[PDB]
Structures are given as C-alpha cells and as structure tokens.
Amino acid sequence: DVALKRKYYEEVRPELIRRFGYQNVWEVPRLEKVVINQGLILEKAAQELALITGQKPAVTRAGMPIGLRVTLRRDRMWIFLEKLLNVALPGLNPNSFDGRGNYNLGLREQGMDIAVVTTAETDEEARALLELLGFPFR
C-alpha cells in the first residue's frame, strides 16, 4: 500500500507522541483530507485533474463554470501527497497555516489551490505533522 501512510503510523505518530505528550493515539494529529481547487476546454482540464488525483472533479460554478474541485480522503489523499512530495515539488512557506491547523499551498507551475486539512488544533502541531511526513519547509 502507501509508503507515506505507513511512514505516518510507524515514524510520525510515535514522534508526535514523544514531542507533545498525547496520552492516547487517537489524540495525535492526523491528515483528514486534501482539497484541490483548480481555477479556470473544461473537459481536458477535468480529465487531467481526474488523472492526477484518481478522482472525479466537481465543477465549481459562479454555471458559469469557474473551476474544478476534488476532496481527497483516505488512500487517494496519501497517494496524491506521495506524488506531490516525491515527483511534483522537485521549500514551502512555513507561515502558510490557517490558524486552525490546516496548510494552504497555491501553485502557478507544471492556478491550483491545495488545502491540507488536519485534525491538529494548532498550527504548531500541524507544522510538526507535515514536517515529519516530509513536507519541505523553509
């Protein structure tokens, strides 16, 4: 299955426990979902986004159609993130957390807005989660 997911359970979760003193494993910050929005024919862009995420994009409308959105959870989230980190990005802004433990990245390369939503309640906990998963910050 997914190496990044295995890295979470084997490496990241125990380090977070040591670092923050969570007394049960279900308290430890987890990835919840990754939402990708691509602003805007539409059929080609939807097919490319479908190919890269493995999931059917919804059409965001003002329609008039204005963008494409996909909410990735579970294995599709992990598989997409493994690609983003290992293939696409080859540092991220460490200040781009939303104040509630979620990370925001806007790309105008290879605009695409990515929200990494976590169960961390603080930016600090979320930053540690993502850094330990291998997100390149600084």
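Just count from 1 along the sequence shown to find any residue number.
In this entry, no coordinate-free residues of the deposited sequence separate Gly99 from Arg100. Unmodelled deposited residues between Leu40 and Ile41: 4 to 9, per the record.
Sort the modelled residues of the chain by CA B factor and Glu11 lands in the lowest third. Among all modelled residues in its chain, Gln110 ranks in the highest third by Cα B-factor. Ranked against the other modelled residues of its chain, the C-alpha B-factor of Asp75 as given in the entry falls in the lowest third. Per the PDB record, residue ranking by Cα B-factor puts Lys33 in the lowest third of the chain.
When the CA B factors of the chain's modelled residues are split into thirds, the value for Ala46 lands in the middle one.
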